[PDB]
């Protein structure tokens, strides 16, 4: 288990107590809005110290470490692209610890590996939804991330587009062998990308495993949530 996370966190009337093991592949935790997914990630991220417990990454305890000294690549809902910086400078941020020409190399290397090397001069606004997503990823990867956190990186996107994008994620993961912890409330995404699937409900990660397993083994909570398969099935019937 590449990433292990056992920790409790109190925030208002909200309690986050998780027990989460994770592979070195594409994990995806499903959970309604307000299940604690985003804080969970900020926890791994190290942008929130837990009240109790720890965050192990590679067997090593990471909790005492700062988000800056952890190797994790973070990406928040509706990406945090530095609006005052060009695509290039955006990607470059995070490499200030690398030699200049080497940095430029790595940057363009990645700008090309993602088909954006032409947008190198534009700034976030001039970018299309898709262009952002790329720049976002670009900047997250050039750091050679130990892990890769994402959340709702596909929300606010038409089904049509989603699919193409998901395939790109699969690829990016197989291509950079970068484990990914993807957070959503959409089955379609879990079903299309996950090698493993967790399911959060009220700050607690009820169960993890593989979708198929998660259905059959109906425990009336995760069972209820994953019951959306019917609607997906009814829809497939009504169409083509």
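Residue numbers count along the first chain shown, from 1.
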Of 97 to 105 vs 83 to 91, the stretch with the larger average CA B-factor in the entry is 97 to 105
Stretch with higher mean Cα temperature factor, 179 to 187 vs 58 to 66, is 58 to 66
For 137, 165, 116, 149, the deposited C-alpha B-factor is largest at 116
Per the deposited B-factor column, the C-alpha that peaks among 37, 204, 52, 208 belongs to 52
Chain thirds by Cα B factor, record data; residue 142 belongs to the highest
For residue 9, the third of its chain by CA B-factor is the highest
Chain thirds by Cα B factor, record data; residue 238 belongs to the lowest
So, residue 130's CA B-factor, relative to its chain, sits in which third? The middle
So, residue 17's CA B-factor, relative to its chain, sits in which third? The highest
